[PDB]
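Residue numbers (the authors' numbering), protein chains in the order written: chain U, 1454 to 1501; chain R, 1599 to 1646; chain Y, 1696 to 1743. C-beta atoms are modelled at their ideal positions from N, C-alpha and C, and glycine is treated no differently. Reading through the structure tokens given below for one structure.
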Amino acid sequence: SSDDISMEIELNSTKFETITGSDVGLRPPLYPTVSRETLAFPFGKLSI
Amino acid sequence: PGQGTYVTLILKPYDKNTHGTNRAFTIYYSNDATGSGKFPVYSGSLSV
Amino acid sequence: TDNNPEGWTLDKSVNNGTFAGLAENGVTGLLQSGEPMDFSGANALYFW
């Protein structure tokens, strides 16, 4: 699930699109396949 | 620490053609006034 | 191009941007001005 999540802040006219493949080497696996387990994608101090 | 960048290099599995025979790999960096020497920044055994 | 601390150009100029050992769209990890706490560095003993 590489680079699957991404934040795209929209500025007054512009926008700046950062993807997690550019932040984290840690990937929350779909395993534990057991149901209703949610995952977390932490972003590090996005100096936008 | 100081000025510089984090870099997450992802590498392909072992192929006998592109990697030669030995499965080990070391990745360097330089500045680079090519001929200015490069510093080994990581060594490892590339996976299969 | 700028004095951004985390800004280091992904996929730089005319050079292909690949060793032929990574051969994927995954290089980046270029943001994240911060790394996690180190458990094998100088203060490893105190953290452990």
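Sequence-distant residues of the same chain with beta carbon closer than 6 Å to residue i, five excluded per side
| i | result |
| --- | --- |
| U:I1472 | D1456, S1459 |
Residue-chain proximity (residue i, chain U), Cβ-Cβ < 8 Å
| i | result |
| --- | --- |
| residue 1643 of chain Y | In the structure as shown, chain Y begins at 1696 and stops at 1743. Residue 1643 of chain Y is therefore absent and cannot be evaluated. |
8 Å Cβ cutoff met for residue i and residue j
| i | j | result |
| --- | --- | --- |
| R:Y1604 | Y:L1725 | yes |
| residue 1681 of chain Y | R:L1609 | Only positions 1696 to 1743 of chain Y appear in this structure, which leaves residue 1681 of chain Y out of reach. |
| U:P1481 | U:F1494 | yes |
Beta-carbon contacts of residue i that lie in its chain and below 8 Å, excluding the five residues immediately before and after
| i | result |
| --- | --- |
| Y:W1703 | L1725 |
Where the beta strand (DSSP E) through residue i begins and ends
| i | result |
| --- | --- |
| U:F1469 | 1468 to 1472 |
| R:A1622 | 1622 to 1627 |
Chain Y within 8 Å of residue i, Cβ atoms only
| i | result |
| --- | --- |
| U:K1498 | yes |
Span of the alpha helix (DSSP H) around residue i
| i | result |
| --- | --- |
| Y:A1715 | Careful: Y:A1715 lies outside any alpha helix (DSSP H) and carries neither H nor E. |
| Y:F1742 | 1739 to 1742 |
Close beta carbons around residue i, own chain, < 7 Å, minus the five adjacent residues each side
| i | result |
| --- | --- |
| R:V1639 | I1625, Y1626, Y1627 |
Cβ neighbour criterion (16 or more within 10 Å) applied to residue i
| i | result |
| --- | --- |
| Y:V1722 | buried |
| U:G1474 | buried |
Residue-level contact to chain R via CB, residue i, 8 Å cutoff
| i | result |
| --- | --- |
| Y:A1737 | no |
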